[PDB]
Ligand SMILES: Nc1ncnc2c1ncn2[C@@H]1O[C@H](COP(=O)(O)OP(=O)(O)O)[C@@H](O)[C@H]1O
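First, one chain by itself: the form solved without this ligand, in structure tokens.
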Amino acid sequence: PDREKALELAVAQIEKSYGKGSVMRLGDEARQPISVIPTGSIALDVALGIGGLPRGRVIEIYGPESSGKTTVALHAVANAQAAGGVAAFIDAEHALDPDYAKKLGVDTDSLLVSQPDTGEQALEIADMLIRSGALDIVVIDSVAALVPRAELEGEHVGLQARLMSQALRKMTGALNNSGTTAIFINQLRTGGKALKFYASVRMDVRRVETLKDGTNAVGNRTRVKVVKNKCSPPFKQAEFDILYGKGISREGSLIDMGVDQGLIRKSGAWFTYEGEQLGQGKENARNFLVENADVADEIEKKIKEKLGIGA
């Protein structure tokens, strides 16, 4: 009625001049891209709106030490590889555990790794890799470790911020042309300032509580808030379980999202699906689903149909 029309006009112009995603209603549905990189948890895939991480964009994952942020990034690497993609890992922390990575699903033998001497070398190497057009995904671990050459040579300025700014300006173009996704891992408190604005997605990762089973703790409940999202409405959160030595529990998230969506009924201790019992307690239901890969797949598909998550 002349009011909604003027708004839609304004929206359309903003969108034309600054890009799709420049303005959104929080209640909007995301439009579905051709391909995305799934994260390993359907809860997180849903919270991102497009069913996984976007291609050709910068992603920032941040949070305290031992929050699980590296685990999330390694599942993204696993899934990209599993679909025939190539991955590179740019490492200034020297903390990577390849045995752990291997259990998550990473093909470590094919993983490209660089351990550069300086912050500028790290970003320039990242840049040359992206411009090849041969990479699906590169992870930089981490932003805080990217020390500028001047500092390493011992010659003050706030020039780590200037280094990120220049690098990100050059890198954003190459990513969009190439279809490559870059994940930057960051700690919680210099160069994060530019990252905040260049990133299309920003995820805040936190440990919520320890998952106990008897005397020993078997993992952690992890919460992720998507504080920035240019591809779908921001501010959604997801919870999921990271099991020690195993990574993100795919099956656990299928159960949680299963009950949430009313596809899996829960008597009390009993978990039910389509007139059959999955198990008594989350852990039995979880194990039932790992042992029965076919019913896990079916529940996944039905949740993705019910929410409109494309292929």
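Numbering starts at 1 and runs along the sequence shown.
From this point on, the text means the form deposited with this ligand bound, which you will not see here.
**Q** Tell me, which of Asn220, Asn79, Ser178, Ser200 has a heavy atom within 4.5 angstroms of this ligand in the deposited bound form?
**A** The residue in contact is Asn220.
**Q** Just one of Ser114, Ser165, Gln187, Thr108 has a heavy atom within 4.5 angstroms of this ligand in the deposited bound form, so which one?
**A** When this ligand is considered in the deposited bound form, the option within 4.5 Å is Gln187.
**Q** Can you check whether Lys230 is within 4.5 Å of this ligand in the deposited bound form, heavy atom basis?
**A** Residue-level check for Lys230: no, no contact with this ligand.
**Q** Should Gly281 be classed as touching this ligand in the deposited bound form when contacts are defined as heavy atoms within 4.5 Å?
**A** Close contact is absent here: in the deposited bound form, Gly281 is far from this ligand, nothing within 4.5 Å, heavy atoms only.
**Q** Given that the partner is absent here, does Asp97 sit within 4.5 Å of this ligand in the deposited bound form, heavy atoms only?
**A** Yes, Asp97 sits close enough to this ligand in the deposited bound form that at least one of its heavy atoms falls within 4.5 Å.
**Q** Look up in the deposited bound form whether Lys102 has a non-hydrogen atom within 4.5 angstroms of this ligand, and give yes or no.
**A** Output for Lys102 is no: heavy atoms all beyond 4.5 Å of this ligand.
**Q** Specify the contacting stretch among 255-263, 66-74, 22-30, 44-52, defined as having any heavy atom within 4.5 Å of this ligand in the deposited bound form.
**A** That would be stretch 66-74.
**Q** With this ligand taken in the deposited bound form, which residues across 194-219 come within 4.5 angstroms through any non-hydrogen atom?
**A** Stretch hits: a single one, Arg207.
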